[PDB]
Each structure stands twice: as structure tokens, then as C-alpha cells.
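An overview of the molecular structure
Here is what each chain is made of, one letter per residue.
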Amino acid sequence: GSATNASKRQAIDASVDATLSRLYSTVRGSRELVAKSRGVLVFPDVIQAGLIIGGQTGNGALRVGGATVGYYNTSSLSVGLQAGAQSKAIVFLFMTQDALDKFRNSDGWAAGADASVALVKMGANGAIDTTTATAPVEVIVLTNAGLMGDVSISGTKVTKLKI
């Protein structure tokens, strides 16, 4: 069990919903910014301190218009983010159709390399300010300490999973 295309899909897709729900309940304003996005990719990187879950934990799903249109995996993650016995969640928001299509048609997307990316910080009210948005790709990083504005995602490369 849990070794087929459908089971892998189930694990990823359900974890995305669960992870995304935690984001909305933890961080105010996130939902509105996501609505401003054409598509949202969530990375529920769940790791254990020694035990490797499956093999690749950097698995995520692209949710477009409420429906998952494809699944993605990070072949190479930035070490500064990977270091630590903590599970991380990374959300990529594409506010432009050009960026959504370019990402979808790509077979190797690198952060900062192909698209310009902004690390979104919550406003002074403690909520993500949608008016502060400007980049075509907006990056929200959810850590066990909440949003971290001191994160560099350079070096992160995502590939498309054929499931």
C-alpha cells in the first residue's frame, strides 16, 4: 500500500489542503493574497529527525481555480532552509497568468533564476498586506515560528511530477 500513483497523489494533495488551512488560521491576510493569485503551490515538507518519509519530502501540488492541475517536487532545495529537525511549508503564489503558464510548461523552474520572487512579510498589523504585493511571484514561507522574512529561497529548483 501507499506505493502507487494514486496513493502518492492522495498523500500530497491532502497534505496541501491541511498545510494551507494551517496557514490561513495562523496568518491573517494570506487567504486574500491567494485569491489574488491565479495558482498556488504549497510545499508541505514534513521531515523527521532521522526517519525519511518516503524519500522525497519536498512534494507539493499546484492548486488552480480550486482544482489541482499538477504536482511538483523540489529536486534541489536551499540548504539554509533544509538544515534543522523542523518541518517547513513554502507557498508560491503566481499573480499573473504568464507566470502560471510559464511555470506549468517548465520542466525545471528555479527560484530567482527564471522568475523574480518576493518574500512576503506580514504588515505592521500582523496581517499580510495585499496592497504591498508587487512581484509576479510572491513567496510566503511558513515555519514553526510563523512567517520568516529572513529566508533566501535562491537555489530552490522544482520539477514536475508525472502523476
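Residues numbered from 1 in each chain as written, not as in the entry; some residues may be left out. Heavy atoms only, no water.

As stated in the entry header, the method of structure determination is solution NMR.

Going by the annotation in the PDB entry, the name recorded for the chain is Lipoprotein, with Burkholderia pseudomallei given as the source organism.

We now examine the overall build of the chain. From N to C terminus, the chain includes four helices and nine strands. Ordering the α and β elements of the chain from the N terminus gives α-α-β-β-β-α-β-α-β-β-β-β-β. Taking 163 residues into account, the globule formula puts the C-alpha radius of gyration at 15 Å, and the chain, at 15 Å, falls close to it. Dimensions of the chain along its principal axes, counting C-alpha atoms only, are 45 × 35 × 30 Å. Within the span of the chain, comprising 163 residues, buried residues form 41% of the whole. The contacts of the chain with a sequence gap of at least 6 include a subset with a gap of at least 24, amounting to 70%. (Helix = DSSP H or I, 4+ residues; strand = E, 2+ residues; numbered from the N terminus. Rg over C-alpha atoms; globule rule 2.2 N^0.38 Å. Buried < 20%, exposed > 50% of the residue type's maximum accessible area, 1.4 Å probe, protein only. Contact = heavy atoms within 4.5 Å.)

For the rest of this paragraph, the subject is unusual backbone geometry. Positioned with a positive phi, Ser 2 is a non-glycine residue whose angle comes to about 60°. Looking at the element boundaries, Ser 2 is found in the segment before α1 (5-26).

The next subject is the UniProt feature "domain: Ysc84 actin-binding" (unreviewed entry) in the chain. Summarizing the sequence annotation, UniProt attributes the feature "domain: Ysc84 actin-binding" (unreviewed entry) to residues 76-159 in the numbering used throughout. Here residues 76-159 is 15% helix and 30% strand, with 9 Å between the C-alpha atoms at its ends. (UniProt positions renumbered as here; feature names shortened; annotations may be inferred.)

This part is about the side chain of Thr 159. When you line up the elements, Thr 159 lands in strand β9 (residues 157-161). For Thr 159, the side chain forms a polar contact with the side chain of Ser 75, separated by 2.8 Å. Discounting residues that sit within four places of it in the chain, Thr 159 has contacts with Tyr 71, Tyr 72, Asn 73, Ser 75, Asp 107 and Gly 108. (Polar contact = N/O pair within 3.5 Å; in protein donor to acceptor, adjacent residues only side chain to side chain.)

Among the nonpolar cores identified, the biggest contains 21 residues, and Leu 23, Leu 33, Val 91, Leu 93, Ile 128 and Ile 140 are the most heavily contacted of them. Elements with a minimum of two residues in this core: α1, α2 (30-36), β1 (39-45), β4 (88-94) and β7 (137-143). Broken down by element, the residue count for this core peaks at four residues, all from α1. The residues contacting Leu 93, other than those within four sequence positions of it, are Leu 33, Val 34, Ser 37, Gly 39, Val 40, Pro 136, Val 137, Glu 138 and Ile 140. In this structure, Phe 43, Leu 62, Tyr 72 and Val 139 belong to the second largest nonpolar core, which totals 20 residues. (Core = buried A, V, L, I, M, F, W, Y, C linked by side-chain atoms within 4.5 Å.)

Let us now look at the pairing of strand β3 (residues 67-76). In terms of strand pairing, strand β2 (residues 59-64) meets β3 through six bridges, oriented antiparallel. Residue pairing for β3: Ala 61 is matched across the bridge by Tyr 71. Where β2 folds back onto β3 in an antiparallel hairpin, the turn is made up of two residues, including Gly 65, whose phi is positive at roughly 65°. Bridge count between β3 and β9: five bridges; the pairing is antiparallel. Bridge pairing in β9 places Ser 76 opposite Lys 157. (Pairing = 2+ DSSP bridges.)

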